[PDB]
Amino acid sequence: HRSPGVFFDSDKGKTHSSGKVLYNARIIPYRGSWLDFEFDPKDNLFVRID
Amino acid sequence: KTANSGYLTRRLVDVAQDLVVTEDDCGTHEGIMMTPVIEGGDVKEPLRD
Amino acid sequence: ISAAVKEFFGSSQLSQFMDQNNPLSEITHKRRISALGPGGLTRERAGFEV
Amino acid sequence: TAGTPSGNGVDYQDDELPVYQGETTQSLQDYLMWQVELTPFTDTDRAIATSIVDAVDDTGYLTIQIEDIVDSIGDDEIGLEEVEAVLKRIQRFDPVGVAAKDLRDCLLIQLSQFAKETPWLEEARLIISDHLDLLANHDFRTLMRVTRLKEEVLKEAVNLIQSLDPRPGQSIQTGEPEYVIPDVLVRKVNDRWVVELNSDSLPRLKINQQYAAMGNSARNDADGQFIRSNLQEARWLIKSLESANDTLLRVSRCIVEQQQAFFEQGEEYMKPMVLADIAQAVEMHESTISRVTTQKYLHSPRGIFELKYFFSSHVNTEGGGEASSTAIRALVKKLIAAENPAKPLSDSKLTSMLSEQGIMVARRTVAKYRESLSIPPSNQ
Amino acid sequence: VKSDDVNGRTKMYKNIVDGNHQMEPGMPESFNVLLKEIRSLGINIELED
Amino acid sequence: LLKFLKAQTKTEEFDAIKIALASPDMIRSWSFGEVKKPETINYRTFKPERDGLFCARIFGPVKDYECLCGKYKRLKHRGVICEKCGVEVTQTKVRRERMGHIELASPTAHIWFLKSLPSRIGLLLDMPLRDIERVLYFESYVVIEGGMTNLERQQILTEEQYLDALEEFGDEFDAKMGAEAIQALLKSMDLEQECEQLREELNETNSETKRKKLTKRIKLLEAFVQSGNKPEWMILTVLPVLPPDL
Amino acid sequence: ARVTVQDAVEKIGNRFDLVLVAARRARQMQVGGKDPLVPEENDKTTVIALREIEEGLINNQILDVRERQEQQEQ
DNA sequence: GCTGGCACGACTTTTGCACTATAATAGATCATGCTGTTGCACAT
RNA sequence: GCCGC
DNA sequence: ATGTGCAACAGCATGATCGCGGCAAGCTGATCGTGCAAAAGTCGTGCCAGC
Ligand SMILES: [Zn+2]
């Protein structure tokens with residue numbers, strides 16, 4: 001399985017069809033609720049908690 | 001790829017299930033134009049096939 | 001305590017009948033790495049890269 | 001558990017939306033219909049065959065009368081002569097002797113299908129089977145004189161008759177003895193004969209109901225909170241089941257308390273407890289207790305597996321106080337079996353013996369107790 | 001005949017034993033089950049004449 | 001009355017399967033009875049419970065030509081209903097045919113029609129699915145009639161707005177927040193005049209946005225009038241049940 | 001033994017009608033009321049009917065005229 | 001005279017009526033149709 | 001679920 | 001010169017993702033009490049007919 005920690009990803013940069021690469025960060029604990037950070041195509045910091 | 005092949009075959013079979021040769025000759029003068037398949041400097045399909 | 005322990009041991013995805021043809025199958029089954037399981041990744045969720 | 005059985009055969013229909021679906025079973029009547037459909041019969045013959053095979057019991061004997069079958073047809077030209085022929089044709093099916101009117105006819109048809117050269121064919125075809133059957137039921141000492149035959153030949157004729165199948169058609173049944181005993185009331189032996197209960201599954205039901213109803217309610221995906229949409233149904237179910245288990249345990253504890261002696265030392269030590277006796281003990285009405293303990297089953301090392309077998313009101317006007325007729329019947333069965341080879345066991349004699357032992361019971365009751373599960377050993 | 005015609009199965013077996021080799025088909029039980037299923041909703045489906 | 005073959009007549013000539021909505025009267029016509037108790041069978045005698053999900057007074061008998069209590073158990077008796085039990089002597093194969101029904105005592109909405117992306121109720125009443133779902137679950141009120149007051153025909157006034165209207169308007173406000181309200185508002189529709197108004201609006205004003213919606217709504221309207229169905233039947237008050245053997 | 005049914009196909013050419021013709025001829029020769037018109041070589045009725053079609057003495061029209069003749073006879 | 005299946009007056013059992021805070025859980029694309037918000041184009 | 005094609 | 005109408009973009013919910021076969025494994029339960037007439041059913045007891 002995936003080790004708990006912090007992982008940064010770019011989702012291959014093909015989601016909005018504009019060629020803009022989107023970076024996201026995930027915090028995964030061994031037990032608990034996940035925490036997430038995401039980039040909007042308008043460059044806005046958004047979180048996705050649980 | 002077998003799942004994709006099966007789904008495509010299912011869709012084709014259903015879209016073409018109710019087609020049967022039910023007549024001897026329609027008598028229409030219509031048709032389509034047949035020419036050998038050419039592509040640049042190479043030939044793929046002669047008119048015979 | 002007994003219910004949880006026995007439920008884990010007797011009925012789980014990662015606790016299966018071991019193969020008994022040859023000693024080789026037992027050896028291979030014992031040191032086996034699986035990506036599935038309770039906290040793992042399902043078959044149909046698996047992309048071409050995993 | 002020192003020794004545990006392997007899992008019994010079980011399955012459930014998978015990869016099929018109507019789960020568990022079903023599975024057809026072949027019974028005696030179904031097999032008879034299958035055989036009927038493959039023999040040349042007229043339409044009237046087919047109707048008569050269906051009508052007569054509908055009346056075949058589980059043991060393979062006809063329950064309804066032949067004249068009643070003719071009346072059931074309710075049509076002219078279907079007099080008893082035709083139905084007799086149809087039934088006689090039907091009798092010679094795979095369970096040979098099936099659909100027989102009586103024992104005599106069954107033995108006659110069973111003996112009919114033979115090589116016609118057996119050593120005692122004509123000896124028992126009608127002299128023993130079609131005549132003096134009641135004599136053969138007894139010792140048949142005078143049967144040899146009646147049939148003008150030696151007792152040595154009869155000694156083999158009786159064996160030949162007994163070689164036949166008594167109840168044909170009962171070898172076709174496909175039912176499984178799965179009517180095993182849950183014994184939801186378990187009991188072990190202790191310093192005071194404590195009684196416990198198993199198969200409650202109350203923690204499991206509580207956990208499942210939580211993880212489903214309160215699991216969905218605690219899940220924040222749905223807007224608002226399902227504090228009463230799902231949470232306040234599991235509580236009601238758990239409370240109802242807890243109350244039912246509590247009253248069952250209370251009734252069982254009362255039953256063991258009033259019936260400790262039946263379980264201690266001799267088995268036949270049951271008091272004639274009435275419904276009011278437990279009703280006053282548990283401060284509950286008799287109707288609820290009767291509805292509760294009427295097919296619940298206990299698991300005793302020696303006692304019977306029931307909760308209504310103890311509930312007897314059979315004072316029987318005993319000499320000292322009262323007694324229970326269950327113990328009286330058990331004592332009568334024990335004494336009747338342990339007697340002389342002649343074994344008189346007269347009703348008056350049995351009543352006198354019981355009165356001497358202290359059970360003041362009339363001579364007519366003891367006959368009923370004996371006839372309930374036994375027969376008089378030539379007491380007439 | 002081979003799967004769902006409850007009367008068809010017995011009739012065809014009787015024909016085979018006799019040596020007729022005749023079909024006498026009917027209505028599969030599965031379609032009746034499906035009709036009962038759809039009718040068990042608020043939807044009406046029927047076999048018109 | 002003998003030599004009867006109900007198995008042969010079970011197969012009938014047919015063609016062109018047709019499908020339509022079922023009125024409550026038709027559901028009652030299919031039914032052999034009404035169930036009122038939830039438990040399927042009792043463990044007291046291992047027999048189907050009276051007026052339950054598994055019953056023998058309806059759905060047919062349980063074991064061939066026998067009947068409950070064993071008063072009439074033989075083939076000589078046919079189609080006879082016992083006095084003790086309503087069980088009828090029958091080939092016990094009708095456990096797969098007799099349907100039964102339940103009475104809801106309160107109208108409910110068919111999930112088949114309300115919850116689908118092209119919702120039929122929503123585009124039949126020209127209201128969004130959101131407010132329809134809100135009123136169907138008692139979240140908000142919907143008023144009807146009320147011509148004298150300033151309230152509209154399809155108002156979506158909430159509880160606070162309802163209290164304000166009651167304080168101000170008093171009477172003349174006919175608002176309900178159950179399935180009875182949506183049933184009544186569907187009943188009160190005059191379909192032909194609605195279709196004529198749709199045609200007039202569509203031909204009078206041309207716009208690529210509203211044209212598709214108007215065409216869909218008039219198509220549904222003409223389908224409803226020509227098919228003979230009544231739009232009230234989308235919500236159901238009588239619910240049938242599957243035969244026990246299935 | 002008719003391993004290949006080409007000649008029978010060409011006698012009445014549809015590859016679909018000869019199935020029905022052979023089925024009805026086999027029904028006549030199996031159910032009853034008919035006898036083979038070709039020497040029977042311990043073959044089943046299906047291939048006997050196929051051989052009869054191949055020989056050119058069995059087809060739909062003559063079957064119909066024989067049926068009409070038997071209907072008029074009774 | 002001895003014995004073994006039938007009924008009667010208390011007792012016993014059955015049946016409808018009848019109201020009764022915590023928690024498994026998140027790792028696919030891929031396409032399609034509908035709804036809400038915003039920006040472009042025309043009018044007095 | 002594991003395996004075979 | 002400001003206001004109104006319409007087309008386009010982003011977000012959201014819905015539906016689908018090849019067959020055929022052999023081991024396997026767990027059982028998916030129940031429910032509620034009421035206190036009472038009203039009914040049906042049952043048991044200890046005495047009867048006449050057969051041996
Ligand atoms: Zn009945």
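The Catalytic activity comment attached to chain G in UniProt states, word for word, "RNA(n) + a ribonucleoside 5'-triphosphate = RNA(n+1) + diphosphate". Recorded in UniProt for chain G, the comment headed Sequence similarities runs: "Belongs to the RNA polymerase subunit omega family."

**Some thoughts on the overall build of chain G**
On a plain count of helices and strands, chain G comes out with four helices and zero strands. Mapped in sequence order, the helices and strands of chain G form the string α-α-α-α. Summarising the internal contacts of chain G: among those between residues at least 6 apart in sequence, 42% fall at separations of at least 24.

**With respect to the sheet that holds strand β2 (residues 24-28) of chain A**
All names here are of chain A. Spatially, the four strands line up as an open sheet ordered β1-β2-β3-β4, and their pairing is antiparallel. Pairing within the sheet leaves two strands with one partner each, and these edge strands are β1 (5-9) and β4 (45-47). Strand after strand, the sheet turns through a mean of 15° between neighbouring axes, direction not considered.

**Overview of the interface of chain F and chain E**
Taken together, the contact between chain F and chain E spans 22 residues of the former and 17 residues of the latter. Residue assignment for the side of chain F that touches chain E shows that the elements contributing at least two residues are β1 (18-21) and α1 (24-30) of chain F. Among the elements that take part in the side of chain F that touches chain E, β1(F) stands out by supplying four residues, more than any other. Its residues assigned to classes, the side of chain F that touches chain E comprises 16 nonpolar, one polar and five charged. Relative to β1(F), strand β1 (residues 43-46) of chain E runs antiparallel, the two sharing four bridges. Within the sheet, the bridge partner assigned to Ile43(E) lies in β1(F) and is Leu21(F).

**Some points on unusual backbone geometry**
In terms of backbone geometry, most residues other than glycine have negative phi values and most peptide bonds are trans. Positive phi outside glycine occurs at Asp11(A), with the angle close to 40°. Along the chain, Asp11(A) falls in the loop between β1 and β2. Positive phi, close to 55°, is recorded for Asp126(F), a residue that is not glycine. Note that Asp126(F) resides in the loop between α3 (120-125) and α4 (129-136).

**A short note on the environment of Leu75(F)**
Mapping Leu75(F) onto the fold places it in the loop between β3 (47-48) and β4 (101-109). Considering only alpha carbons, one finds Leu75(F) and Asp64(F), eleven residues apart in sequence, at a separation of 9.1 Å. Residues contacting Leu75(F), with those up to four places away along its chain left out, are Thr50(D), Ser51(D), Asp54(D) and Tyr65(F).

**Quick look at the pattern of salt bridges**
Between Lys36(F) and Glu34(F) there is a salt bridge, with the nearest N and O atoms lying 3.7 Å from each other. Salt-bridge contacts for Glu41(G) lead to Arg51(G); the nearest nitrogen and oxygen are separated by 3.2 Å. Of the two residues, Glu41(G) is situated in the loop between α2 (17-31) and α3 (45-55) and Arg51(G) in helix α3; the sequence distance between them amounts to ten residues. What emerges from the salt-bridge pattern is a single network uniting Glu34(F), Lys36(F), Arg50(F) and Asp51(F).

**Thoughts on the packing of helix α3 (residues 66-73) of chain D against helix α4 (residues 80-91) of chain D**
Residue and element names in this part refer to chain D. For the pair α3 and α4, interaxial distance at closest approach is 10 Å and the crossing angle is 110°. Relative to α4, α3 is oriented roughly perpendicular. In the packing of α3 onto α4, the handedness of the crossing is right-handed. On α4, the residues touching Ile-66, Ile-69 and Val-70 of α3 are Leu-80, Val-83 and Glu-84. Looking at the contact of α3 with α4 residue by residue, the classes come out as five nonpolar, no polar and one charged.

**Details of the packing of aromatic side chains**
Aromatic ring pairs: the centre-centre distance and the angle between the two ring planes describe each pair. Judged by centre distance (4.9 Å) and plane angle (50°), the rings of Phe8(C) and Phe9(C) are tilted. Pairing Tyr309(D) with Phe310(D) gives two aromatic rings, centres 6.2 Å apart and planes at 85°, and the pair type is edge-to-face. An aromatic cluster is built from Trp193(D), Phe262(D), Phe263(D), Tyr309(D) and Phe310(D), whose rings are joined through pairwise contacts. Over the ring of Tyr7(B) we find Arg11(B), and its NZ or CZ is 4.1 Å from the ring centre. The ring of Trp30(F) carries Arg39(E) above its face, with NZ or CZ at 5.7 Å from the centroid.

Cut-offs applied
The numbering scheme counts residues from 1 along every chain following its written sequence, independent of the entry's numbering, with residues that lack coordinates not shown. Going through the entries in the order they are written, you letter the chains from A and number the ligands from 1. Because the shown chains make up only part of a larger assembly, each value pertains to the shown part and nothing beyond it. Note: side-chain values were computed over all heavy atoms of the structure, leaving out hydrogens and water. Residues with missing side-chain atoms are left out of burial classes, side-chain pairs and their counts. UniProt positions are given in the numbering used here, feature names are shortened, and annotations may be inferred rather than shown by experiment. Secondary structure counts use DSSP, requiring at least four H or I residues in a row for a helix and at least two E residues in a row for a strand, with both numbered from the N terminus. Residue contacts follow a heavy-atom distance rule, with two residues in contact if any of their heavy atoms lie within 4.5 Å. By this definition, two strands are paired if DSSP reports at least two bridges between them. Fitted lines through C-alpha atoms serve as axes, helices being fitted only where they are in contact, and the angles separating the N-to-C directions of these axes extend from 0 to 180 degrees. Each residue gets one label: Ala, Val, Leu, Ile, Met, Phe, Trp, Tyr, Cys and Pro are nonpolar, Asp, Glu, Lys and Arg are charged, and the others, such as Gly, are polar. Salt bridges are counted wherever a side-chain nitrogen of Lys or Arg sits within 4 Å of a carboxyl oxygen of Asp or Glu. Our angle categories are set so that under 35 degrees counts as roughly parallel, over 145 as roughly antiparallel, 65 to 115 as roughly perpendicular, and the remainder as oblique. Handedness of each helix crossing follows the sense of rotation of the near helix against the far helix: counterclockwise by less than a right angle gives left-handed, clockwise gives right-handed. Working definition: rings of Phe, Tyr and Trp (its six-membered ring) pair if their centres are within 6.5 Å, and the pair is stacked with planes under 30 degrees apart, edge-to-face with planes over 60 apart, and tilted otherwise. Whether a charge lies above a ring is judged from NZ of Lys or CZ of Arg, which has to be within 6 Å of the ring centre and within 35 degrees of the ring normal.

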